[PDB]
Amino acid sequence: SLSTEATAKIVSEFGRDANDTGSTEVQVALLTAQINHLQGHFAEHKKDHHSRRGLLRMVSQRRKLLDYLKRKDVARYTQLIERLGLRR
Amino acid sequence: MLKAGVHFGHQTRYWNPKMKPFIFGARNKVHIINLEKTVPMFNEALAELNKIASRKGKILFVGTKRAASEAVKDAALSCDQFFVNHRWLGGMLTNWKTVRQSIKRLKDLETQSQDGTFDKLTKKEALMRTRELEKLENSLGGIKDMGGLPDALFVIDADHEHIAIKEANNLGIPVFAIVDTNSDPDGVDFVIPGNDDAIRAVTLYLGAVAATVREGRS
Amino acid sequence: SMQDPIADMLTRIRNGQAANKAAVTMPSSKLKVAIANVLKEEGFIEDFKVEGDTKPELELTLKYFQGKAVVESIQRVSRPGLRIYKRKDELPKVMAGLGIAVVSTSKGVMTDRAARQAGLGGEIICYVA
RNA sequence: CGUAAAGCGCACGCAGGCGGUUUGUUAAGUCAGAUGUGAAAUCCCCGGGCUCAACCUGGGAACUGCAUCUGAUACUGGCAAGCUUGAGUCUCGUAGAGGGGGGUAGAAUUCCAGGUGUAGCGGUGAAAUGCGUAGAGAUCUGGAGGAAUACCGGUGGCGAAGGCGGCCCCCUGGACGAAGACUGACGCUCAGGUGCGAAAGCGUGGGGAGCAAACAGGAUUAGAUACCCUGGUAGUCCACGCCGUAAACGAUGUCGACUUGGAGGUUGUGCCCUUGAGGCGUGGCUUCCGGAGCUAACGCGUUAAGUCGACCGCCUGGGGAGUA
């Protein structure tokens, strides 16, 4: 998947601290990082239909977590999707 | 505790999960029967078995495998009781009717044999008839003087002699079996977790049973 | 996923009676302890015991009368797919009275005899026959 | 609903249905009571009158409902707060024909050029067509080209399914294991919808060694539009798009829980004289046989076709017809 240094950087940016690596913002940001990186991979190749299935699992799982965090705390939702530049 | 000196259980192979209450089960892939469970079981079997033995009943030891012979002939015949030591015929209890006339032919042919006309009229047919007495004598050996179907049944291996257990359950006869860890307590009314194929174990074992049979009211 | 833990409990007891099992453990809850208290009270199980602190574990010591098993047929009636709420007049008797039906009434989890005597119906959880 | 008709080819997922566990509040569902109403006749019950009966009739019950008010709060729902046993994230490794792109290697077939060499070669049940003194076949050397990747190779592995087999690099998906940390029900299923989906086929552009529908010849045969033989085009191969199906099959939907065993395979790992071809455990996936149980039987049998729960799909005699 993603680099150890990259995952550590995103956990450090979005968590309450390091070791808070399962929080909803953190998981969303890690999924987001990998989705964008693989935008770069699937612009090329384009017939890697197996890897894409992994990608659509990432998209769907991000969506589930955004729905959770939307119906738990909406302020965290707006700050989160504001910071990640998603939602369009 | 130790009446059962030397057997401690057997049968690594084809062990049966229904023998799980009776297994201590440690050493070298083989299963050890919990003989601290066997001793109350075997004392109960001696209790009810002596109880029917004192009511003037017939016991029918069953000993087809070797060397249960002649240990079942020795133990049954040490009492005034009955036995099967060679191949147990399929249906000598549940059609005893037809087996009654085979026993009748054994009696008529031994009476004809050692007393009557045995040298009469042929040598070849006389040899034929004598080996009919060997076949009818080793198959219908102990049971030939029974004259009823018996009041209990004592089998020495439950899986090897499943036919006799199945028939005595079919007829309402109390089955007294020494099961091993491969056997199954089918309809054995008085199960005894022991060792079926050790001659020390079955001579000790039948020694105790034949000891408690030959105490009636006396 | 687990969506009916009560039917899971009754499944544990059917398959424990069917396997000559001495005792049955499961995760515990308030409703399972209520039902289990009804079953001990009516004589279908021998005892229950809830252990653990942070993850409670209900344990039902089962009954066997003869070689046969005591709980002859336990069924789940008000499943989550379709819930069944009977009044005090519609409240059924199982095996013509020889077998209780555990109904959750507002006063608590009772039997059919006890809640028909209390004068109030409710949600019929399970038939124990 | 394995084989009788019936499990979508496989997944992702919206609306929908269902939802672990604890406490508090509400009381919508649920329950109890009350009130209003539910026309009369009819049905039912207990009586009465026609000589009886049908019939007529008195009183009740009933009209299983709806609305409102009063309560109960166990279950379900709403709301608030949690909790970790479900789900997920992070750390470290493991195995793998998982995918896509690029390169390369060795055997072999065909073709071309050349040397030797000479009368057959090939083929079949037998033959003939076919190739061959214009020198075939055999054999050696050099070259070109395309496709596939022996041995390993294994009821072995990976993948949702279709499927994926030289070796190397690059990009990339998933699974599993060990200890610990974190989030805290974030879950399950899924009509419409969307995606992937062997082979054949279609479109455009390449490629084309072998194999080979069509086709042609030779046989066989009563005939032979076949099986067999000799050739042989599309196709098979590549790029991009379409199609959208298969005995797409474990003829077995997905997810979760429980219920005796045995022998293996494969991939993790801990412990303990290792003092072997060690011992003892604990996971993941998988093969064979079998117990209870189930099953019309056959068989399935902890990877269920057993015992349950959630949601979906489908069936309703054969044909006509999966056709118009």
# chains A, B, ... in the order shown; residues from 1 in each chain; ligands from 1
$ interface_residues --of "chain B" --to "chain C" --cutoff "12 Å" --atoms "only C-alpha atoms" --output "PyMOL selection string"
chain B and resi 17-18+21
$ write_last_selection --atoms "N, CA, C and O atoms" --output "PDB file, in the first residue's frame"
ATOM      1  N   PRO B  17     -15.556 -41.788  20.017  1.00  0.00           N
ATOM      2  CA  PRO B  17     -15.835 -40.673  20.923  1.00  0.00           C
ATOM      3  C   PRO B  17     -16.800 -40.956  22.031  1.00  0.00           C
ATOM      4  O   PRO B  17     -16.765 -40.293  23.050  1.00  0.00           O
ATOM      5  N   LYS B  18     -17.655 -41.961  21.864  1.00  0.00           N
ATOM      6  CA  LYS B  18     -18.573 -42.372  22.926  1.00  0.00           C
ATOM      7  C   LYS B  18     -17.871 -43.027  24.109  1.00  0.00           C
ATOM      8  O   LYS B  18     -18.449 -43.178  25.151  1.00  0.00           O
ATOM      9  N   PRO B  21     -16.005 -40.573  28.144  1.00  0.00           N
ATOM     10  CA  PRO B  21     -16.020 -40.603  29.616  1.00  0.00           C
ATOM     11  C   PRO B  21     -15.108 -41.576  30.309  1.00  0.00           C
ATOM     12  O   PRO B  21     -14.969 -41.489  31.521  1.00  0.00           O
TER      13      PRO B  21
END
$ closest_atom_pairs --of "chain D" --to "chain A" --cutoff "7 Å" --atoms "only C-alpha atoms (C1' of nucleotides)" --output "tab-separated table"
residue	atom	partner	partner_atom	distance
D:89	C1'	A:22	CA	4.0
D:90	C1'	A:21	CA	5.4
D:99	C1'	A:50	CA	5.1
D:100	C1'	A:48	CA	4.8
D:101	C1'	A:45	CA	6.9
D:171	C1'	A:41	CA	6.8
D:172	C1'	A:51	CA	6.1
D:173	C1'	A:51	CA	4.0
D:181	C1'	A:19	CA	6.1
D:182	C1'	A:22	CA	4.6
D:183	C1'	A:23	CA	4.3
D:186	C1'	A:68	CA	5.6
$ write_last_selection --atoms "C-alpha atoms (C1' of nucleotides)" --output "PDB file, in the first residue's frame"
ATOM      1  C1'   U D  89      -6.951   1.452  11.578  1.00  0.00           C
ATOM      2  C1'   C D  90      -1.578   1.172  12.817  1.00  0.00           C
ATOM      3  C1'   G D  99      -3.574  -7.881 -11.762  1.00  0.00           C
ATOM      4  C1'   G D 100      -1.271  -4.293 -15.401  1.00  0.00           C
ATOM      5  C1'   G D 101       3.168  -2.574 -18.228  1.00  0.00           C
ATOM      6  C1'   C D 171       3.595  -0.030 -10.908  1.00  0.00           C
ATOM      7  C1'   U D 172      -0.289  -2.419  -7.910  1.00  0.00           C
ATOM      8  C1'   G D 173      -4.660  -5.372  -5.204  1.00  0.00           C
ATOM      9  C1'   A D 181      -1.916   0.208  20.589  1.00  0.00           C
ATOM     10  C1'   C D 182      -6.302   3.046  18.644  1.00  0.00           C
ATOM     11  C1'   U D 183     -11.620   4.118  16.905  1.00  0.00           C
ATOM     12  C1'   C D 186     -18.735   2.565  12.324  1.00  0.00           C
TER      13        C D 186
END
$ select_by_dssp --residues "region 1-160 of chain B" --states "strand (DSSP E or B)" --output "ChimeraX atom specification"
/B:23,33,61-62,83-84,153-155
$ write_last_selection --atoms "N, CA, C and O atoms" --output "short mmCIF file (atom, residue, chain, number, x, y, z; two decimals), in the first residue's frame"
data_model
loop_
_atom_site.label_atom_id
_atom_site.label_comp_id
_atom_site.auth_asym_id
_atom_site.auth_seq_id
_atom_site.Cartn_x
_atom_site.Cartn_y
_atom_site.Cartn_z
N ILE B 23 -11.82 -42.50 29.41
CA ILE B 23 -10.45 -42.45 28.93
C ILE B 23 -9.64 -41.48 29.77
O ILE B 23 -10.00 -40.33 29.93
N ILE B 33 -7.51 -46.42 29.53
CA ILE B 33 -8.81 -46.41 30.18
C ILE B 33 -8.61 -45.99 31.63
O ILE B 33 -7.63 -46.36 32.27
N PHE B 61 -21.46 -66.89 27.94
CA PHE B 61 -20.20 -66.23 27.58
C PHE B 61 -19.94 -66.20 26.05
O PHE B 61 -20.37 -67.10 25.35
N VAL B 62 -19.33 -65.13 25.55
CA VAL B 62 -19.11 -64.99 24.11
C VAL B 62 -17.66 -64.61 23.81
O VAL B 62 -17.19 -63.56 24.17
N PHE B 83 -21.40 -71.15 26.44
CA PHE B 83 -20.40 -70.31 25.80
C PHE B 83 -20.47 -70.38 24.30
O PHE B 83 -21.01 -71.37 23.73
N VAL B 84 -19.95 -69.34 23.66
CA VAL B 84 -19.65 -69.38 22.25
C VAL B 84 -18.21 -68.90 22.08
O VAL B 84 -17.86 -67.78 22.43
N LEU B 153 -26.17 -62.16 28.97
CA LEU B 153 -25.17 -62.37 27.92
C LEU B 153 -23.92 -61.64 28.32
O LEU B 153 -23.96 -60.45 28.72
N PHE B 154 -22.80 -62.32 28.24
CA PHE B 154 -21.52 -61.73 28.64
C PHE B 154 -20.54 -61.79 27.46
O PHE B 154 -19.99 -62.86 27.14
N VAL B 155 -20.35 -60.67 26.79
CA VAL B 155 -19.49 -60.63 25.62
C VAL B 155 -18.15 -60.06 26.01
O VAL B 155 -18.05 -59.30 26.91
#
$ interface_residues --of "chain B" --to "chain D" --cutoff "10 Å" --atoms "only C-alpha atoms (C1' of nucleotides)" --output "JSON, numbers by chain"
{"B": [13, 14, 15, 16, 17, 18, 20]}
$ closest_atom_pairs --of "chain D" --to "chain C" --cutoff "6 Å" --atoms "only C-alpha atoms (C1' of nucleotides)" --output "tab-separated table"
residue	atom	partner	partner_atom	distance
D:19	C1'	C:3	CA	5.3
D:31	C1'	C:122	CA	5.5
D:72	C1'	C:106	CA	5.9
D:73	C1'	C:106	CA	5.5
D:74	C1'	C:108	CA	4.4
D:188	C1'	C:1	CA	5.2
D:255	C1'	C:1	CA	5.5
D:256	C1'	C:1	CA	3.8
D:258	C1'	C:12	CA	5.5
D:259	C1'	C:15	CA	5.4
D:308	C1'	C:11	CA	5.6
D:309	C1'	C:4	CA	5.6
$ write_last_selection --atoms "N, CA and C atoms (P, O5', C5', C4', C3', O3' and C1' of nucleotides)" --output "PDB file, in the first residue's frame"
ATOM      1  P     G D  19     -34.221  -5.539  14.378  1.00  0.00           P
ATOM      2  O5'   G D  19     -32.688  -5.454  14.689  1.00  0.00           O
ATOM      3  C5'   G D  19     -31.996  -6.606  15.151  1.00  0.00           C
ATOM      4  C4'   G D  19     -30.516  -6.412  15.000  1.00  0.00           C
ATOM      5  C3'   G D  19     -29.851  -5.560  16.074  1.00  0.00           C
ATOM      6  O3'   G D  19     -29.533  -6.430  17.185  1.00  0.00           O
ATOM      7  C1'   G D  19     -29.053  -4.981  13.883  1.00  0.00           C
ATOM      8  P     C D  31     -50.874  -5.423  21.801  1.00  0.00           P
ATOM      9  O5'   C D  31     -50.937  -5.455  23.379  1.00  0.00           O
ATOM     10  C5'   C D  31     -50.431  -6.567  24.092  1.00  0.00           C
ATOM     11  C4'   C D  31     -50.353  -6.236  25.551  1.00  0.00           C
ATOM     12  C3'   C D  31     -51.631  -5.763  26.201  1.00  0.00           C
ATOM     13  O3'   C D  31     -52.497  -6.830  26.527  1.00  0.00           O
ATOM     14  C1'   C D  31     -49.857  -4.376  26.889  1.00  0.00           C
ATOM     15  P     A D  72     -47.522   4.419  35.452  1.00  0.00           P
ATOM     16  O5'   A D  72     -47.225   2.912  35.033  1.00  0.00           O
ATOM     17  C5'   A D  72     -47.776   1.791  35.752  1.00  0.00           C
ATOM     18  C4'   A D  72     -47.389   0.503  35.063  1.00  0.00           C
ATOM     19  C3'   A D  72     -45.959   0.492  34.531  1.00  0.00           C
ATOM     20  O3'   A D  72     -45.020   0.071  35.516  1.00  0.00           O
ATOM     21  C1'   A D  72     -47.451  -0.294  32.858  1.00  0.00           C
ATOM     22  P     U D  73     -43.594   0.779  35.598  1.00  0.00           P
ATOM     23  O5'   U D  73     -42.865   0.330  34.253  1.00  0.00           O
ATOM     24  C5'   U D  73     -42.551  -1.057  34.094  1.00  0.00           C
ATOM     25  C4'   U D  73     -41.999  -1.275  32.731  1.00  0.00           C
ATOM     26  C3'   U D  73     -40.655  -0.611  32.420  1.00  0.00           C
ATOM     27  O3'   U D  73     -39.761  -1.511  31.763  1.00  0.00           O
ATOM     28  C1'   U D  73     -42.268  -0.004  30.794  1.00  0.00           C
ATOM     29  P     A D  74     -38.450  -2.047  32.485  1.00  0.00           P
ATOM     30  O5'   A D  74     -37.967  -3.300  31.604  1.00  0.00           O
ATOM     31  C5'   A D  74     -37.926  -4.622  32.216  1.00  0.00           C
ATOM     32  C4'   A D  74     -38.313  -5.714  31.248  1.00  0.00           C
ATOM     33  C3'   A D  74     -37.952  -5.443  29.794  1.00  0.00           C
ATOM     34  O3'   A D  74     -36.600  -5.725  29.487  1.00  0.00           O
ATOM     35  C1'   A D  74     -40.171  -6.129  29.895  1.00  0.00           C
ATOM     36  P     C D 188     -20.474  -5.547   6.990  1.00  0.00           P
ATOM     37  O5'   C D 188     -21.713  -6.511   7.133  1.00  0.00           O
ATOM     38  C5'   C D 188     -21.634  -7.838   7.678  1.00  0.00           C
ATOM     39  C4'   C D 188     -22.993  -8.467   7.550  1.00  0.00           C
ATOM     40  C3'   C D 188     -23.632  -8.442   6.178  1.00  0.00           C
ATOM     41  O3'   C D 188     -23.201  -9.451   5.293  1.00  0.00           O
ATOM     42  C1'   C D 188     -25.241  -7.762   7.728  1.00  0.00           C
ATOM     43  P     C D 255     -20.194 -14.942   2.665  1.00  0.00           P
ATOM     44  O5'   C D 255     -20.732 -14.262   3.977  1.00  0.00           O
ATOM     45  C5'   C D 255     -20.531 -12.877   4.239  1.00  0.00           C
ATOM     46  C4'   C D 255     -21.296 -12.536   5.485  1.00  0.00           C
ATOM     47  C3'   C D 255     -21.105 -13.440   6.704  1.00  0.00           C
ATOM     48  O3'   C D 255     -19.871 -13.213   7.379  1.00  0.00           O
ATOM     49  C1'   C D 255     -23.408 -12.968   6.429  1.00  0.00           C
ATOM     50  P     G D 256     -19.161 -14.418   8.102  1.00  0.00           P
ATOM     51  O5'   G D 256     -20.069 -14.634   9.375  1.00  0.00           O
ATOM     52  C5'   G D 256     -20.034 -13.662  10.400  1.00  0.00           C
ATOM     53  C4'   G D 256     -21.104 -13.948  11.411  1.00  0.00           C
ATOM     54  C3'   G D 256     -21.044 -15.277  12.131  1.00  0.00           C
ATOM     55  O3'   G D 256     -20.029 -15.291  13.150  1.00  0.00           O
ATOM     56  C1'   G D 256     -23.268 -14.786  11.553  1.00  0.00           C
ATOM     57  P     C D 258     -19.895 -20.226  17.866  1.00  0.00           P
ATOM     58  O5'   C D 258     -20.821 -21.484  18.179  1.00  0.00           O
ATOM     59  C5'   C D 258     -21.506 -21.566  19.427  1.00  0.00           C
ATOM     60  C4'   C D 258     -22.555 -22.638  19.395  1.00  0.00           C
ATOM     61  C3'   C D 258     -22.083 -24.059  19.213  1.00  0.00           C
ATOM     62  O3'   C D 258     -21.682 -24.686  20.416  1.00  0.00           O
ATOM     63  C1'   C D 258     -23.903 -23.651  17.788  1.00  0.00           C
ATOM     64  P     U D 259     -20.617 -25.795  20.324  1.00  0.00           P
ATOM     65  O5'   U D 259     -21.347 -27.066  19.661  1.00  0.00           O
ATOM     66  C5'   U D 259     -22.255 -27.878  20.393  1.00  0.00           C
ATOM     67  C4'   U D 259     -22.781 -29.001  19.544  1.00  0.00           C
ATOM     68  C3'   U D 259     -21.780 -29.935  18.897  1.00  0.00           C
ATOM     69  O3'   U D 259     -21.257 -31.011  19.659  1.00  0.00           O
ATOM     70  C1'   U D 259     -23.319 -29.210  17.300  1.00  0.00           C
ATOM     71  P     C D 308     -34.257 -26.170  14.232  1.00  0.00           P
ATOM     72  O5'   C D 308     -33.351 -24.928  13.900  1.00  0.00           O
ATOM     73  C5'   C D 308     -33.959 -23.649  13.717  1.00  0.00           C
ATOM     74  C4'   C D 308     -33.153 -22.574  14.412  1.00  0.00           C
ATOM     75  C3'   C D 308     -33.303 -21.206  13.781  1.00  0.00           C
ATOM     76  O3'   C D 308     -34.508 -20.590  14.175  1.00  0.00           O
ATOM     77  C1'   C D 308     -31.008 -21.579  14.234  1.00  0.00           C
ATOM     78  P     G D 309     -35.269 -19.620  13.194  1.00  0.00           P
ATOM     79  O5'   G D 309     -34.320 -18.360  13.098  1.00  0.00           O
ATOM     80  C5'   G D 309     -34.322 -17.412  14.161  1.00  0.00           C
ATOM     81  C4'   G D 309     -33.288 -16.359  13.884  1.00  0.00           C
ATOM     82  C3'   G D 309     -33.458 -15.528  12.657  1.00  0.00           C
ATOM     83  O3'   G D 309     -34.421 -14.492  12.766  1.00  0.00           O
ATOM     84  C1'   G D 309     -31.215 -16.115  12.912  1.00  0.00           C
TER      85        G D 309
END
$ atom_distance --atom1 "CA of residue 69 (chain B)" --atom2 "CA of residue 217 (chain B)"
29.1 Å
$ closest_residue --among "A:35, A:81, A:75, A:2" --to "residue 58 (chain A)" --atoms "only C-alpha atoms"
A:35
$ residues_around --residues "residue 79 (chain D)" --least-positions-apart "2" --cutoff "12 Å" --atoms "only C-alpha atoms (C1' of nucleotides)" --output "PDB file with N, CA and C atoms (P, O5', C5', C4', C3', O3' and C1' of nucleotides), in the first residue's frame"
ATOM      1  P     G D  24     -31.208   2.462  34.594  1.00  0.00           P
ATOM      2  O5'   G D  24     -31.447   3.961  34.104  1.00  0.00           O
ATOM      3  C5'   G D  24     -31.113   5.076  34.946  1.00  0.00           C
ATOM      4  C4'   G D  24     -31.223   6.371  34.180  1.00  0.00           C
ATOM      5  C3'   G D  24     -32.574   6.701  33.569  1.00  0.00           C
ATOM      6  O3'   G D  24     -33.475   7.251  34.520  1.00  0.00           O
ATOM      7  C1'   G D  24     -30.873   7.157  31.996  1.00  0.00           C
ATOM      8  P     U D  25     -35.034   7.010  34.364  1.00  0.00           P
ATOM      9  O5'   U D  25     -35.449   7.947  33.142  1.00  0.00           O
ATOM     10  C5'   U D  25     -35.496   9.368  33.282  1.00  0.00           C
ATOM     11  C4'   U D  25     -35.703  10.037  31.945  1.00  0.00           C
ATOM     12  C3'   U D  25     -37.008   9.721  31.223  1.00  0.00           C
ATOM     13  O3'   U D  25     -38.090  10.541  31.633  1.00  0.00           O
ATOM     14  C1'   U D  25     -35.208   9.508  29.715  1.00  0.00           C
ATOM     15  P     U D  26     -39.578   9.984  31.570  1.00  0.00           P
ATOM     16  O5'   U D  26     -39.904   9.945  30.014  1.00  0.00           O
ATOM     17  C5'   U D  26     -40.132  11.162  29.268  1.00  0.00           C
ATOM     18  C4'   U D  26     -40.215  10.867  27.789  1.00  0.00           C
ATOM     19  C3'   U D  26     -41.444  10.076  27.350  1.00  0.00           C
ATOM     20  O3'   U D  26     -42.537  10.933  27.067  1.00  0.00           O
ATOM     21  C1'   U D  26     -39.481   9.157  26.359  1.00  0.00           C
ATOM     22  P     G D  77     -34.533  -1.657  18.636  1.00  0.00           P
ATOM     23  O5'   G D  77     -35.432  -0.422  18.236  1.00  0.00           O
ATOM     24  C5'   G D  77     -35.833  -0.202  16.889  1.00  0.00           C
ATOM     25  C4'   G D  77     -36.789   0.967  16.827  1.00  0.00           C
ATOM     26  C3'   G D  77     -36.232   2.313  17.230  1.00  0.00           C
ATOM     27  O3'   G D  77     -35.403   2.915  16.256  1.00  0.00           O
ATOM     28  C1'   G D  77     -38.313   2.073  18.244  1.00  0.00           C
ATOM     29  P     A D  81     -24.451  12.368  23.235  1.00  0.00           P
ATOM     30  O5'   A D  81     -23.910  11.437  24.416  1.00  0.00           O
ATOM     31  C5'   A D  81     -23.418  12.039  25.619  1.00  0.00           C
ATOM     32  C4'   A D  81     -23.291  11.040  26.741  1.00  0.00           C
ATOM     33  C3'   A D  81     -22.256   9.936  26.570  1.00  0.00           C
ATOM     34  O3'   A D  81     -20.921  10.368  26.728  1.00  0.00           O
ATOM     35  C1'   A D  81     -24.224   8.986  27.395  1.00  0.00           C
TER      36        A D  81
END
$ residues_around --residues "residue 153 (chain D)" --least-positions-apart "2" --cutoff "10 Å" --atoms "only C-alpha atoms (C1' of nucleotides)" --output "JSON, numbers by chain"
{"D": [151, 156, 165]}
$ closest_residue --among "D:36, D:114, D:187, D:132" --to "residue 88 (chain D)" --atoms "only C-alpha atoms (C1' of nucleotides)"
D:187
$ atom_distance --atom1 "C1' of residue 71 (chain D)" --atom2 "CA of residue 117 (chain C)"
19.1 Å
$ select_by_dssp --residues "region 32-86 of chain B" --states "alpha helix (DSSP H)" --output "list in words"
residues 35, 36, 37, 38, 39, 40, 41, 42, 43, 44, 45, 46, 47, 48, 49, 50, 51, 52, 53, 71, 72, 73, 74, 75, 76, 77 and 78 of chain B
$ write_last_selection --atoms "N, CA and C atoms" --output "mmCIF file, in the first residue's frame"
data_model
loop_
_atom_site.group_PDB
_atom_site.id
_atom_site.type_symbol
_atom_site.label_atom_id
_atom_site.label_comp_id
_atom_site.auth_asym_id
_atom_site.auth_seq_id
_atom_site.Cartn_x
_atom_site.Cartn_y
_atom_site.Cartn_z
ATOM 1 N N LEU B 35 -9.100 -46.706 34.917
ATOM 2 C CA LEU B 35 -9.468 -47.910 35.665
ATOM 3 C C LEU B 35 -10.091 -47.582 36.996
ATOM 4 N N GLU B 36 -9.911 -46.343 37.446
ATOM 5 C CA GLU B 36 -10.668 -45.828 38.614
ATOM 6 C C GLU B 36 -12.153 -45.614 38.296
ATOM 7 N N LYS B 37 -12.479 -45.610 37.009
ATOM 8 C CA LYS B 37 -13.858 -45.689 36.543
ATOM 9 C C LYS B 37 -14.281 -47.140 36.268
ATOM 10 N N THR B 38 -13.332 -47.992 35.895
ATOM 11 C CA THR B 38 -13.629 -49.387 35.579
ATOM 12 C C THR B 38 -14.044 -50.191 36.810
ATOM 13 N N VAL B 39 -13.349 -49.968 37.920
ATOM 14 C CA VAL B 39 -13.597 -50.745 39.127
ATOM 15 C C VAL B 39 -15.037 -50.626 39.705
ATOM 16 N N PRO B 40 -15.626 -49.408 39.776
ATOM 17 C CA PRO B 40 -17.053 -49.391 40.114
ATOM 18 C C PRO B 40 -17.968 -50.002 39.059
ATOM 19 N N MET B 41 -17.639 -49.798 37.767
ATOM 20 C CA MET B 41 -18.421 -50.376 36.664
ATOM 21 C C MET B 41 -18.392 -51.933 36.778
ATOM 22 N N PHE B 42 -17.196 -52.495 36.961
ATOM 23 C CA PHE B 42 -17.021 -53.942 36.964
ATOM 24 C C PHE B 42 -17.595 -54.586 38.230
ATOM 25 N N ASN B 43 -17.558 -53.845 39.334
ATOM 26 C CA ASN B 43 -18.226 -54.314 40.546
ATOM 27 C C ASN B 43 -19.737 -54.282 40.428
ATOM 28 N N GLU B 44 -20.269 -53.309 39.691
ATOM 29 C CA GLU B 44 -21.712 -53.314 39.389
ATOM 30 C C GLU B 44 -22.103 -54.499 38.508
ATOM 31 N N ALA B 45 -21.273 -54.798 37.514
ATOM 32 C CA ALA B 45 -21.559 -55.921 36.634
ATOM 33 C C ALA B 45 -21.541 -57.254 37.410
ATOM 34 N N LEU B 46 -20.611 -57.362 38.359
ATOM 35 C CA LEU B 46 -20.599 -58.529 39.224
ATOM 36 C C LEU B 46 -21.823 -58.548 40.160
ATOM 37 N N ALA B 47 -22.329 -57.369 40.518
ATOM 38 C CA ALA B 47 -23.483 -57.291 41.405
ATOM 39 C C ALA B 47 -24.753 -57.810 40.721
ATOM 40 N N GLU B 48 -25.168 -57.168 39.625
ATOM 41 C CA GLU B 48 -26.368 -57.614 38.890
ATOM 42 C C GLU B 48 -26.206 -58.966 38.232
ATOM 43 N N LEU B 49 -24.977 -59.283 37.853
ATOM 44 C CA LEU B 49 -24.730 -60.567 37.202
ATOM 45 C C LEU B 49 -24.790 -61.718 38.215
ATOM 46 N N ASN B 50 -24.317 -61.465 39.442
ATOM 47 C CA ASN B 50 -24.503 -62.441 40.508
ATOM 48 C C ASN B 50 -25.983 -62.501 40.914
ATOM 49 N N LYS B 51 -26.688 -61.375 40.773
ATOM 50 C CA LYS B 51 -28.093 -61.328 41.132
ATOM 51 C C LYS B 51 -28.938 -62.220 40.209
ATOM 52 N N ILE B 52 -28.657 -62.190 38.917
ATOM 53 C CA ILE B 52 -29.348 -63.103 37.985
ATOM 54 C C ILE B 52 -28.760 -64.506 38.023
ATOM 55 N N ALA B 53 -27.503 -64.639 38.428
ATOM 56 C CA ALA B 53 -26.897 -65.979 38.545
ATOM 57 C C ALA B 53 -27.467 -66.752 39.743
ATOM 58 N N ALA B 71 -10.345 -69.781 26.878
ATOM 59 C CA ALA B 71 -10.567 -69.095 28.135
ATOM 60 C C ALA B 71 -12.063 -68.932 28.437
ATOM 61 N N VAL B 72 -12.900 -68.752 27.409
ATOM 62 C CA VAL B 72 -14.332 -68.718 27.637
ATOM 63 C C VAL B 72 -14.890 -70.126 27.822
ATOM 64 N N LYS B 73 -14.251 -71.129 27.219
ATOM 65 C CA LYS B 73 -14.651 -72.520 27.482
ATOM 66 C C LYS B 73 -14.223 -72.946 28.883
ATOM 67 N N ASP B 74 -13.055 -72.465 29.305
ATOM 68 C CA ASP B 74 -12.557 -72.768 30.626
ATOM 69 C C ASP B 74 -13.400 -72.040 31.688
ATOM 70 N N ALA B 75 -13.773 -70.794 31.430
ATOM 71 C CA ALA B 75 -14.487 -70.011 32.429
ATOM 72 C C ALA B 75 -15.964 -70.361 32.475
ATOM 73 N N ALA B 76 -16.577 -70.559 31.313
ATOM 74 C CA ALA B 76 -17.983 -70.989 31.290
ATOM 75 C C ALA B 76 -18.130 -72.420 31.782
ATOM 76 N N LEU B 77 -17.163 -73.244 31.421
ATOM 77 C CA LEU B 77 -17.232 -74.653 31.765
ATOM 78 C C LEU B 77 -16.746 -74.924 33.185
ATOM 79 N N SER B 78 -16.011 -73.976 33.778
ATOM 80 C CA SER B 78 -15.720 -74.012 35.227
ATOM 81 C C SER B 78 -17.000 -73.798 36.041
#
$ residues_around --residues "residue 148 (chain B)" --least-positions-apart "5" --cutoff "10 Å" --atoms "only C-alpha atoms (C1' of nucleotides)" --output "mmCIF file with C-alpha atoms, in the first residue's frame"
data_model
loop_
_atom_site.group_PDB
_atom_site.id
_atom_site.type_symbol
_atom_site.label_atom_id
_atom_site.label_comp_id
_atom_site.auth_asym_id
_atom_site.auth_seq_id
_atom_site.Cartn_x
_atom_site.Cartn_y
_atom_site.Cartn_z
ATOM 1 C CA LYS B 58 -28.192 -68.944 32.020
ATOM 2 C CA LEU B 93 -30.748 -65.911 19.641
ATOM 3 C CA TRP B 96 -33.081 -69.832 18.006
ATOM 4 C CA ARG B 100 -32.744 -75.490 17.994
ATOM 5 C CA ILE B 143 -24.961 -73.688 23.738
#
$ decode --residues "region 2-11 of chain B" --atoms "C-alpha atoms" --output "short mmCIF file (atom, residue, chain, number, x, y, z; two decimals), in the first residue's frame"
data_model
loop_
_atom_site.label_atom_id
_atom_site.label_comp_id
_atom_site.auth_asym_id
_atom_site.auth_seq_id
_atom_site.Cartn_x
_atom_site.Cartn_y
_atom_site.Cartn_z
CA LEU B 2 -6.03 -52.67 41.46
CA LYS B 3 -8.01 -55.76 40.84
CA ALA B 4 -7.13 -55.01 37.17
CA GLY B 5 -3.36 -55.58 37.54
CA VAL B 6 -1.90 -55.50 34.07
CA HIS B 7 -3.83 -54.09 31.14
CA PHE B 8 -4.13 -50.19 31.58
CA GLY B 9 -6.03 -49.76 28.25
CA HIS B 10 -5.14 -49.94 24.53
CA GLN B 11 -6.24 -49.09 20.93
#
